[PDB]
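One structure is given below, encoded as structure tokens.
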Amino acid sequence: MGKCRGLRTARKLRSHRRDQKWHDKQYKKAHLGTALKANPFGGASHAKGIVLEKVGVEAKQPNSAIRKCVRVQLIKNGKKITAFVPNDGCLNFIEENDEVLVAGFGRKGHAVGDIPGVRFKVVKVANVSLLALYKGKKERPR
Amino acid sequence: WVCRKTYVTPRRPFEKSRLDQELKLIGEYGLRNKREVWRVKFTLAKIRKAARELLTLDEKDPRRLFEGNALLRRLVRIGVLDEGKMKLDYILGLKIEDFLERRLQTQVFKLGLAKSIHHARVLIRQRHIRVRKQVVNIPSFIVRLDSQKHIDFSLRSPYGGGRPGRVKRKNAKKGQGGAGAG
Amino acid sequence: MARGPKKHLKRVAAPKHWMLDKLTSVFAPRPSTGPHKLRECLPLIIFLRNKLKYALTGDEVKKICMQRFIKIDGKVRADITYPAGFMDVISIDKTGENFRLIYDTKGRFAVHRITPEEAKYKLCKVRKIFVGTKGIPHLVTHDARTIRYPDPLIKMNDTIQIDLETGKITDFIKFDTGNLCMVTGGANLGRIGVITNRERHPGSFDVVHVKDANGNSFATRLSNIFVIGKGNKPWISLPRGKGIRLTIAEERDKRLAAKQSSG
Amino acid sequence: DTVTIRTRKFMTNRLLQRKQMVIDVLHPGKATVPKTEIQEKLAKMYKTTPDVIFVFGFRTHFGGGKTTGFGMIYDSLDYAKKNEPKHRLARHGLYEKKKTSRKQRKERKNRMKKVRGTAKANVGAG
Amino acid sequence: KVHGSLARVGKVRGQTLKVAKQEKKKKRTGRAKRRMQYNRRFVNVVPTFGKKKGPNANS
RNA sequence: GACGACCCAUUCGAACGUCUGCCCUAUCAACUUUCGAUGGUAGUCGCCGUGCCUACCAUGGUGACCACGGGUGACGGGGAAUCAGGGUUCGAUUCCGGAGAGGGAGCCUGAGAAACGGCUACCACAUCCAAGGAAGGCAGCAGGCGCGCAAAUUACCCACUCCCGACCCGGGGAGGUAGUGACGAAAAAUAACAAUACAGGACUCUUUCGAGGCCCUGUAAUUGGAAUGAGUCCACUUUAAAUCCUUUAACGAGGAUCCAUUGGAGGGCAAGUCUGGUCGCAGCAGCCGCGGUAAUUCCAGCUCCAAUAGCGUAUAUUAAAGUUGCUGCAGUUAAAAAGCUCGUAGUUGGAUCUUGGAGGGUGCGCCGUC
């Protein structure tokens with residue numbers, strides 16, 4: 001029970017807990033403010049940038065495909081980031097020097113699937129929603 | 001500007017057994033949605049929790065006495081609850097139908113003046129039903145005991161009297177302009 | 001803040017016992033400076049238009065007041081937010097009504113009509129008793145009235161029948177075991193009762209064990225006890241209820257029994 | 001269809017020269033009623049006449065055939081004209097008065113501020 | 001390690017012969033639709049003890 | 001019928017003083033004073049207490065019960081969210097207390113201000129000019145730029161609620177009022193009832209065939225009568241005046257509508273042992289995994305499911321998580337008992353001192369029970 005049991009010993013128990021909390025990764029991340037300091041997105045949920053170039057990335061085994069992302073300079077901190085472009089032929093819709101709204105995978109910062117070193121996805125261009133673009137609700141305005 | 005939610009969804013989402021149960025409730029009870037059921041599963045859980053707390057308290061305990069009797073009296077005014085119940089030991093052993101049974105909709109069936117939990121809801125939502133001086137359009141209502149008798153069609157909706165119907169009255173003048181003259 | 005006296009009251013930060021609603025606006029009246037502390041008072045506006053229903057607007061309350069319609073303790077008061085309080089009289093003449101501001105058993109200034117006499121006099125609790133300037137002595141009552149030359153028996157916490165036209169104490173009651181009492185603050189605010197005991201603390205804080213005409217016992221701080229006469233013999237009107245205090249169950253038992261049948 | 005005007009919760013209020021009460025208007029089955037019809041109709045129950053029975057509030061209830069409001073009837077037409085909200089007297093053919101609408105006037109005054117005392121000067125400028 | 005191509009981008013979407021929309025019915029408003037569900041599912045819905053059956057079956 | 005004054009108390013306060021409770025950090029362990037650090041003593045100062053300041057005179061005060069130093073997606077609290085219980089996290093933000101009005105510093109007035117819708121200097125910014133001069137501070141209300149993931153009218157009124165003034169009367173972007181407004185929360189429409197017509201099942205009768213029969217649901221066939229606001233609109237209400245709501249004459253439901261959506265249907269996971277197309281391609285896929293020619297995962301339809309005027313997606317954080325474990329963890333081998341012992345703080349500590357009868361609450365028909 002690895003832990004005193006004296007009526008007094010609040011301070012030891014209280015503090016021993018403070019000492020071990022660290023190992024928790026979610027906890028440490030939060031106390032070290034990692035999201036502000038290391039992370040490309042601010043510690044925000046979405047982030048907008050300009051498209052530098054279009055990449056065809058080489059999906060990891062045992063899968064085999066050309067992935068199709070763009071490389072993006074985030075306006076907020078000039079950070080360089082590669083982001084996936086989802087659905088069929090949607091690259092089509094984003095051109096070099098584009099602008100785009102990027103969002104996390106939903107993986108906690110950890111890349112997704114077979115898609116290697118890509119941690120973000122495009123959501124908007126034409127300020128304009130790949131979904132609405134892919135469907136043809138709305139266009140590549142211009 | 002204070003506000004609160006009135007319903008709670010179930011922890012979990014796909015438990016055939018629960019889904020069927022809810023569907024039977026919607027059907028018997030001319031309900032509209034799962035929320036319609038969820039709202040009541042929620043109403044009930046709070047009542048039961050209110051009950052359970054009380055039941056853990058000492059009897060005669062000014063707090064247990066004063067609020068227990070009140071919860072009971074409230075639960076009885078609406079007919080939801082009955083006397084032997086009408087103590088806390090019995091609310092603990094209670095269920096959703098008991099509430100669901102007191103809404104308008106099912107009553108307007110329950111005395112002929114609808115012949116369907118169906119008919120009932122469209123009747124209510126369409127202004128042909130007063131609870132004695134007052135139209136009530138809320139198929140969702142909760143008919144209090146000594147209020148059971150005052151439910152009836154309204155003073156003007158046609159049944160309830162009053163001309164015919166913006167569509168019946170159309171039909172009267174539908175046999176009037178052509179078949180009468182030119 | 002921080003350079004001067006507040007002039008507004010955010011409603012909601014007003015005292016509960018005025019029972020102003022939650023919606024309506026942002027600000028409550030906020031008592032003028034006067035004879036009663038701001039928490040412990042009842043701005044006329046609340047009396048005229050919040051309890052008595054004579055007024056609707058605040059615009060109306062003012063229109064009433066400028067007539068001169070209303071006197072507090074005998075001497076027309078013309079301020080909307082005048083701070084009236086416990087043992088105050090309030091007399092609306094062309095309407096013939098005399099009211100004494102004294103507590104509910106809730107702890108709410110009660111609407112309590114009194115006779116066309118009585119309205120003459122009020123009972124004040126002595127707060128301090130003083131040798132003023134030139135060697136004269138004075139007493140100071142709760143309601144902030146200073147009377148010189150009082151009679152030498154009168155000591156702090158005693159109460160004192162003031163005339164009212166004239167000022168003038170026209171006797172007194174000592175604070176002694178067995179006196180009738182009115183509770184003017186705290187959990188027990190409004191309960192009336194005999195005494196029993198004063199527990200005394202040096203440094204600070206004296207408690208008064210009170211027993212009611214029902215052998216119900218309770219304590220408050222000496223600060224909260226006001227003497228109003230001799231057991232079974234109040235020196236003023238008491239409101240209906242004789243400051244009794246009944247359990248929420250007893251309260252329910254009275255409410256349903258007196259009506260939906262019992263006349 | 002007959003109506004019926006019913007005056008609930010009465011107060012004789014001398015210190016504002018008027019009897020003040022709720023107005024409960026049954027209209028069984030249509031809706032409604034005019035403010036003018038209401039004041040006419042009340043005028044004849046309190047032995048007072050129209051021009052002393054202001055009437056206000058009002059909201060027909062739920063579903064039809066009733067409307068609850070509020071009324072006042074004044075003991076001196078003088079007493080009304082003086083205890084009176086002004087907007088109330090304006091509403092019926094006895095009170096009306098000047099508008100603006102307000103920022104033109106504030107602008108005038110702020111123009112006047114520039115000018116030393118005199119200010120009447122600023123009046124001729126507005 | 002990327003080099004490669006995209007020539008083929010969007011090859012199936014662009015090769016998938018479009019289909020009409022056809023049409024037909026409206027399905028029903030709120031509670032009424034719940035009612036049809038409950039009768040088709042449960043009243044309907046009698047079931048057999050056929051060792052079961054299905055919702056989106058062909059033959 | 002139109003305010004001053006002295007002094008005292010009062011009221012609203014103010015300014016200080018008591019304790020007890022605060023985040024992370026030791027890759028911060030000794031700190032604080034010759035420009036007072038702690039104390040004496042006296043004065044000057046202040047509304048006043050006080051190293052506030054100053055002289056002289058002492059050499060103090062604090063720390064492993066975390067001081068000192070540093071950091072900070074720290075204004076503090078009432079509160080909020082997450083519900084076994086324990087807990088876990090947030091709190092700028094409708095109240096309270098504190099702080100500031102471009103940055104810094106100073107000051108006048110006055111009872112109250114170290115005020116910025118006062119002033120004054122510098123410092124940073126910006127503006128007018130006939131170039132000598134001169135005038136300014138939206139972390140007030142609107143609005144605008146920049147910023148970004150992200151946030152409304154350059155609208156009406158002092159009638160309500162209150163405030164101020166010489167004031168019943170004036171004035172209030174306080175505040176109300178409308179406009180924008182799927183933060184989010186409540187109510188819950190887009191169709192109900194027969195009939196034929198049929199499709200059917202427990203019931204009964206019959207040896208069976210077969211027939212009757214109640215409860216009815218669909219499903220058409222159209223019927224058939226039976227309906228209501230969503231819109232629209234005399235009138236009226238609302239209110240300062242309006243709007244909307246809550247009110248209603250005249251209109252407004254046969255479906256091709258007065259036309260409901262958004263995700264899913266291989267497993268977890270609710271729902272295609274589909275049809276066309278492709279053939280580890282495009283795509284799908286949080287995870288496991290699908291697709292390399294009969295693809296129930298794709299791409300489309302068809303059909304079906306689920307939540308439904310809402311639903312998907314991303315993200316902080318919480319629940320789940322007894323994966324931070326007080327309650328309530330594990331450590332022989334899985335991630336984990338220091339090579340061993342001494343040992344201060346800290347924690348932890350044997351036995352033993354004093355031995356029915358009645359009053360009041362709610363059940364059951366004067367009796368009693370608990």
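If you're wondering about the labels, chains in the structure tokens are A, B, ... by order shown, residues count from 1 in each chain, ligands from 1 in order shown.
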
For residue 24 of chain A, work out the shell of residues within 10 Å, counting only C-alpha atoms (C1' of nucleotides) and skipping chain neighbours fewer than 5 positions away, then give it as a PDB file with N, CA and C atoms (P, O5', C5', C4', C3', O3' and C1' of nucleotides), in the first residue's frame.
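selection-v6.pdb written:
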```
ATOM      1  N   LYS A  29       1.989  17.398 -20.782  1.00  0.00           N
ATOM      2  CA  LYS A  29       1.861  18.193 -21.975  1.00  0.00           C
ATOM      3  C   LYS A  29       1.224  19.494 -21.542  1.00  0.00           C
ATOM      4  N   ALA A  30       0.325  19.413 -20.563  1.00  0.00           N
ATOM      5  CA  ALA A  30      -0.510  20.541 -20.271  1.00  0.00           C
ATOM      6  C   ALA A  30       0.269  21.466 -19.394  1.00  0.00           C
TER       7      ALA A  30
ATOM      8  P     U F 323      -6.946   1.352 -14.396  1.00  0.00           P
ATOM      9  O5'   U F 323      -6.516   2.838 -14.666  1.00  0.00           O
ATOM     10  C5'   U F 323      -5.287   3.331 -14.104  1.00  0.00           C
ATOM     11  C4'   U F 323      -4.476   4.083 -15.166  1.00  0.00           C
ATOM     12  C3'   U F 323      -5.117   5.331 -15.717  1.00  0.00           C
ATOM     13  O3'   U F 323      -4.861   6.389 -14.772  1.00  0.00           O
ATOM     14  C1'   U F 323      -4.335   4.112 -17.553  1.00  0.00           C
ATOM     15  P     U F 324      -5.997   7.449 -14.394  1.00  0.00           P
ATOM     16  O5'   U F 324      -5.409   8.112 -13.115  1.00  0.00           O
ATOM     17  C5'   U F 324      -5.348   7.372 -11.887  1.00  0.00           C
ATOM     18  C4'   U F 324      -4.369   8.068 -10.884  1.00  0.00           C
ATOM     19  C3'   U F 324      -4.460   9.629 -10.847  1.00  0.00           C
ATOM     20  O3'   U F 324      -4.347  10.156  -9.537  1.00  0.00           O
ATOM     21  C1'   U F 324      -2.230   8.976 -11.394  1.00  0.00           C
TER      22        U F 324
END
```

So which residues touch residue 70 of chain B within 12 Å, counting only C-alpha atoms (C1' of nucleotides), skipping near sequence neighbours fewer than 6 positions away, as a list in words? residues 50, 51, 54, 63, 64, 76, 77, 86, 87 and 88 of chain B; 248, 249, 252 and 253 of chain C

DSSP-assigned strand (DSSP E) members of chain A, reported as a VMD selection string: chain A and resid 46 to 55 69 to 74 80 to 84 100 to 104 120 to 124

Show me which bits of chain C are within 9 Å of chain D, counting only C-alpha atoms, as a compact mmCIF listing (two decimals) with N, CA, C and O atoms, in the first residue's frame.
```txt
# COMPACT_ATOMS: atom_id res chain seq x y z
N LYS C 53 -48.71 49.33 -3.41
CA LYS C 53 -49.38 49.28 -4.70
C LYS C 53 -50.09 50.58 -5.07
O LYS C 53 -50.84 50.63 -6.05
N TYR C 54 -49.85 51.63 -4.28
CA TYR C 54 -50.33 52.96 -4.60
C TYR C 54 -49.70 53.45 -5.90
O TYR C 54 -50.36 54.08 -6.72
N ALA C 55 -48.41 53.16 -6.07
CA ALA C 55 -47.69 53.63 -7.24
C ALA C 55 -47.37 52.49 -8.23
O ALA C 55 -47.27 51.32 -7.86
N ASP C 59 -42.03 57.10 -11.60
CA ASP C 59 -42.43 58.47 -11.86
C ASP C 59 -43.60 58.87 -10.95
O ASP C 59 -43.69 60.01 -10.50
N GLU C 60 -44.52 57.93 -10.74
CA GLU C 60 -45.66 58.11 -9.84
C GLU C 60 -45.31 58.27 -8.36
O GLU C 60 -45.86 59.12 -7.67
N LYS C 63 -44.43 61.65 -7.77
CA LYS C 63 -45.53 62.59 -7.95
C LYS C 63 -46.34 62.59 -6.69
O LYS C 63 -46.81 63.63 -6.24
N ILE C 64 -46.48 61.40 -6.11
CA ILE C 64 -47.06 61.26 -4.80
C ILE C 64 -46.29 62.05 -3.75
O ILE C 64 -46.88 62.85 -3.04
N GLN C 67 -46.42 65.86 -3.44
CA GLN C 67 -47.67 66.40 -2.94
C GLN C 67 -47.43 66.80 -1.49
O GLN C 67 -48.07 67.70 -0.96
N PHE C 69 -47.75 63.98 0.46
CA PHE C 69 -48.81 63.12 0.96
C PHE C 69 -48.34 62.38 2.21
O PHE C 69 -49.14 62.07 3.09
N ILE C 92 -49.85 58.21 5.75
CA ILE C 92 -50.47 58.83 4.59
C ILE C 92 -51.79 59.41 5.04
O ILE C 92 -52.66 58.69 5.50
N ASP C 93 -51.94 60.72 4.92
CA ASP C 93 -53.13 61.36 5.45
C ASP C 93 -54.31 61.20 4.53
O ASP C 93 -55.29 60.56 4.90
N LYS C 94 -54.37 61.77 3.34
CA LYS C 94 -55.68 61.82 2.68
C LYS C 94 -56.07 60.48 2.09
O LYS C 94 -56.34 60.28 0.92
N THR C 95 -56.21 59.60 3.00
CA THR C 95 -56.27 58.14 2.89
C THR C 95 -56.35 57.54 4.30
O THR C 95 -56.67 56.37 4.46
```

Go through segment 42-94 of chain B and flag each residue having an atom no more than 12 Å from segment 126-148 of chain B; for those, report the closest pair of atoms plus their distance in Å to one decimal, using only C-alpha atoms, ordered by chain and rising number, as JSON lines.
```
{"residue": "B:73", "atom": "CA", "partner": "B:145", "partner_atom": "CA", "distance": 12.0}
{"residue": "B:74", "atom": "CA", "partner": "B:144", "partner_atom": "CA", "distance": 10.3}
{"residue": "B:75", "atom": "CA", "partner": "B:144", "partner_atom": "CA", "distance": 10.2}
{"residue": "B:76", "atom": "CA", "partner": "B:145", "partner_atom": "CA", "distance": 8.3}
{"residue": "B:77", "atom": "CA", "partner": "B:145", "partner_atom": "CA", "distance": 5.9}
{"residue": "B:78", "atom": "CA", "partner": "B:144", "partner_atom": "CA", "distance": 4.6}
{"residue": "B:79", "atom": "CA", "partner": "B:145", "partner_atom": "CA", "distance": 6.1}
{"residue": "B:80", "atom": "CA", "partner": "B:144", "partner_atom": "CA", "distance": 9.2}
{"residue": "B:81", "atom": "CA", "partner": "B:145", "partner_atom": "CA", "distance": 10.9}
{"residue": "B:82", "atom": "CA", "partner": "B:145", "partner_atom": "CA", "distance": 11.7}
```

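Applying a distance limit of 8 Å to only C-alpha atoms (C1' of nucleotides), the residues of chain F near chain A read residues 24, 73, 149, 280, 282, 283, 285, 286, 314, 315, 324, 347 and 348 of chain F.
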
Do a neighbour search on residue 13 of chain B at 12 Å with only C-alpha atoms (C1' of nucleotides), toss out local chain neighbours closer than 2 positions, and write the hits as a PDB file with N, CA and C atoms (P, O5', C5', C4', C3', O3' and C1' of nucleotides), in the first residue's frame.
```pdb
ATOM      1  N   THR B   9     -29.454  11.756 -23.059  1.00  0.00           N
ATOM      2  CA  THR B   9     -29.328  10.634 -23.983  1.00  0.00           C
ATOM      3  C   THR B   9     -28.631   9.476 -23.283  1.00  0.00           C
ATOM      4  N   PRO B  10     -28.746   8.240 -23.836  1.00  0.00           N
ATOM      5  CA  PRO B  10     -28.366   7.079 -23.021  1.00  0.00           C
ATOM      6  C   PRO B  10     -26.916   6.662 -23.249  1.00  0.00           C
ATOM      7  N   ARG B  11     -26.226   6.067 -22.313  1.00  0.00           N
ATOM      8  CA  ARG B  11     -24.817   6.281 -22.271  1.00  0.00           C
ATOM      9  C   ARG B  11     -24.431   5.910 -23.563  1.00  0.00           C
ATOM     10  N   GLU B  15     -28.225  -0.620 -28.393  1.00  0.00           N
ATOM     11  CA  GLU B  15     -28.499  -1.859 -27.579  1.00  0.00           C
ATOM     12  C   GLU B  15     -29.905  -2.579 -27.840  1.00  0.00           C
ATOM     13  N   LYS B  16     -29.975  -3.038 -29.087  1.00  0.00           N
ATOM     14  CA  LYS B  16     -31.214  -3.419 -29.723  1.00  0.00           C
ATOM     15  C   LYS B  16     -32.283  -3.401 -28.663  1.00  0.00           C
ATOM     16  N   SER B  17     -31.991  -4.067 -27.560  1.00  0.00           N
ATOM     17  CA  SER B  17     -33.000  -4.321 -26.566  1.00  0.00           C
ATOM     18  C   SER B  17     -33.641  -3.006 -26.115  1.00  0.00           C
ATOM     19  N   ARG B  18     -32.818  -1.987 -25.847  1.00  0.00           N
ATOM     20  CA  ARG B  18     -33.319  -0.655 -25.488  1.00  0.00           C
ATOM     21  C   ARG B  18     -34.091   0.062 -26.603  1.00  0.00           C
ATOM     22  N   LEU B  19     -33.568  -0.020 -27.821  1.00  0.00           N
ATOM     23  CA  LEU B  19     -34.187   0.565 -29.028  1.00  0.00           C
ATOM     24  C   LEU B  19     -35.597   0.081 -29.294  1.00  0.00           C
ATOM     25  N   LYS B  34     -37.179   9.959 -30.431  1.00  0.00           N
ATOM     26  CA  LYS B  34     -36.431   9.299 -29.410  1.00  0.00           C
ATOM     27  C   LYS B  34     -36.240  10.380 -28.407  1.00  0.00           C
ATOM     28  N   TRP B  38     -36.528  10.131 -24.779  1.00  0.00           N
ATOM     29  CA  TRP B  38     -35.351  10.394 -23.972  1.00  0.00           C
ATOM     30  C   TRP B  38     -35.706  11.432 -22.922  1.00  0.00           C
TER      31      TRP B  38
ATOM     32  P     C F 269     -20.014  -2.351 -30.120  1.00  0.00           P
ATOM     33  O5'   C F 269     -20.844  -2.417 -31.475  1.00  0.00           O
ATOM     34  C5'   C F 269     -22.207  -1.942 -31.514  1.00  0.00           C
ATOM     35  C4'   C F 269     -22.620  -1.742 -33.013  1.00  0.00           C
ATOM     36  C3'   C F 269     -21.913  -2.676 -34.033  1.00  0.00           C
ATOM     37  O3'   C F 269     -22.736  -3.164 -35.096  1.00  0.00           O
ATOM     38  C1'   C F 269     -21.298  -0.468 -34.608  1.00  0.00           C
ATOM     39  P     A F 270     -23.971  -4.086 -34.755  1.00  0.00           P
ATOM     40  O5'   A F 270     -25.082  -2.989 -34.813  1.00  0.00           O
ATOM     41  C5'   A F 270     -26.413  -3.434 -34.610  1.00  0.00           C
ATOM     42  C4'   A F 270     -27.382  -2.344 -34.978  1.00  0.00           C
ATOM     43  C3'   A F 270     -27.190  -1.852 -36.464  1.00  0.00           C
ATOM     44  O3'   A F 270     -27.586  -2.803 -37.406  1.00  0.00           O
ATOM     45  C1'   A F 270     -27.389   0.199 -35.165  1.00  0.00           C
ATOM     46  P     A F 306     -33.195   2.384 -36.633  1.00  0.00           P
ATOM     47  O5'   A F 306     -32.160   3.498 -36.233  1.00  0.00           O
ATOM     48  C5'   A F 306     -30.847   3.120 -35.783  1.00  0.00           C
ATOM     49  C4'   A F 306     -30.007   4.354 -35.561  1.00  0.00           C
ATOM     50  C3'   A F 306     -30.773   5.603 -35.092  1.00  0.00           C
ATOM     51  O3'   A F 306     -30.979   5.448 -33.707  1.00  0.00           O
ATOM     52  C1'   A F 306     -29.474   6.311 -36.700  1.00  0.00           C
ATOM     53  P     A F 307     -31.967   6.365 -32.904  1.00  0.00           P
ATOM     54  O5'   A F 307     -31.364   7.798 -33.172  1.00  0.00           O
ATOM     55  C5'   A F 307     -30.779   8.535 -32.109  1.00  0.00           C
ATOM     56  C4'   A F 307     -30.341   9.938 -32.618  1.00  0.00           C
ATOM     57  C3'   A F 307     -31.389  11.013 -32.881  1.00  0.00           C
ATOM     58  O3'   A F 307     -31.786  11.625 -31.662  1.00  0.00           O
ATOM     59  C1'   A F 307     -29.982  10.925 -34.722  1.00  0.00           C
TER      60        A F 307
END
```

What are the residues of chain D that have an atom within 10 Å of an atom of chain B, counting only C-alpha atoms, as an mmCIF file with N, CA, C and O atoms, in the first residue's frame?
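Below you can see part22.cif, which holds the result:
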```
data_model
loop_
_atom_site.group_PDB
_atom_site.id
_atom_site.type_symbol
_atom_site.label_atom_id
_atom_site.label_comp_id
_atom_site.auth_asym_id
_atom_site.auth_seq_id
_atom_site.Cartn_x
_atom_site.Cartn_y
_atom_site.Cartn_z
ATOM 1 N N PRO D 28 -66.049 36.195 -25.652
ATOM 2 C CA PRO D 28 -66.290 34.793 -25.987
ATOM 3 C C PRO D 28 -65.472 34.257 -27.163
ATOM 4 O O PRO D 28 -64.435 33.633 -26.955
ATOM 5 N N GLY D 29 -65.958 34.488 -28.378
ATOM 6 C CA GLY D 29 -65.413 33.867 -29.546
ATOM 7 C C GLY D 29 -64.949 34.471 -30.845
ATOM 8 O O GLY D 29 -65.282 33.894 -31.869
ATOM 9 N N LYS D 30 -64.227 35.596 -30.846
ATOM 10 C CA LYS D 30 -63.760 36.246 -32.092
ATOM 11 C C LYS D 30 -62.291 36.655 -31.964
ATOM 12 O O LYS D 30 -61.399 35.814 -32.055
ATOM 13 N N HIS D 61 -55.841 36.467 -24.468
ATOM 14 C CA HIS D 61 -55.001 35.348 -24.059
ATOM 15 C C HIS D 61 -54.599 34.285 -25.019
ATOM 16 O O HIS D 61 -53.974 34.574 -25.997
ATOM 17 N N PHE D 62 -54.753 33.045 -24.683
ATOM 18 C CA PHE D 62 -54.220 32.043 -25.565
ATOM 19 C C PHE D 62 -55.278 31.300 -26.436
ATOM 20 O O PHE D 62 -55.980 30.418 -25.920
ATOM 21 N N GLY D 63 -55.442 31.577 -27.733
ATOM 22 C CA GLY D 63 -56.552 30.757 -28.208
ATOM 23 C C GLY D 63 -57.880 31.467 -28.477
ATOM 24 O O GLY D 63 -58.667 31.049 -29.332
ATOM 25 N N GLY D 64 -58.139 32.530 -27.726
ATOM 26 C CA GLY D 64 -59.094 33.526 -28.165
ATOM 27 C C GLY D 64 -60.133 33.808 -27.120
ATOM 28 O O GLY D 64 -60.237 33.067 -26.158
ATOM 29 N N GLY D 65 -60.863 34.904 -27.298
ATOM 30 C CA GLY D 65 -62.038 35.193 -26.499
ATOM 31 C C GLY D 65 -61.897 35.754 -25.096
ATOM 32 O O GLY D 65 -62.836 35.678 -24.305
ATOM 33 N N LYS D 66 -60.715 36.273 -24.785
ATOM 34 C CA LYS D 66 -60.492 36.975 -23.537
ATOM 35 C C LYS D 66 -59.366 37.969 -23.732
ATOM 36 O O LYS D 66 -58.512 37.785 -24.597
#
```

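Selected on chain F by distance to chain C: residues 10, 11, 12, 13, 95, 112, 113, 161, 162, 163 and 168 of chain F (within 7 Å, counting only C-alpha atoms (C1' of nucleotides)).
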
Write a file of the selected residues as a PDB file, in the first residue's frame, keeping C-alpha atoms (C1' of nucleotides).
```
ATOM      1  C1'   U F  10     -25.328  59.745  12.525  1.00  0.00           C
ATOM      2  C1'   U F  11     -25.399  57.527   7.346  1.00  0.00           C
ATOM      3  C1'   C F  12     -22.819  56.263   2.868  1.00  0.00           C
ATOM      4  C1'   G F  13     -18.166  55.278   3.171  1.00  0.00           C
ATOM      5  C1'   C F  95     -22.382  40.169  -8.759  1.00  0.00           C
ATOM      6  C1'   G F 112     -13.613  62.489  -1.996  1.00  0.00           C
ATOM      7  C1'   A F 113      -9.226  61.900  -7.787  1.00  0.00           C
ATOM      8  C1'   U F 161     -35.644  50.370 -14.285  1.00  0.00           C
ATOM      9  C1'   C F 162     -32.815  53.604 -11.694  1.00  0.00           C
ATOM     10  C1'   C F 163     -28.996  58.019 -11.305  1.00  0.00           C
ATOM     11  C1'   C F 168     -41.914  66.614  -9.759  1.00  0.00           C
TER      12        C F 168
END
```

What are the closest atom pairs, with distances in Å to one decimal, for each residue of chain B lying within 9 Å of chain C, using only C-alpha atoms, rows by chain and rising residue number, as JSON lines?
```
{"residue": "B:1", "atom": "CA", "partner": "C:23", "partner_atom": "CA", "distance": 8.5}
{"residue": "B:62", "atom": "CA", "partner": "C:249", "partner_atom": "CA", "distance": 8.1}
{"residue": "B:65", "atom": "CA", "partner": "C:249", "partner_atom": "CA", "distance": 8.0}
{"residue": "B:66", "atom": "CA", "partner": "C:249", "partner_atom": "CA", "distance": 5.7}
```
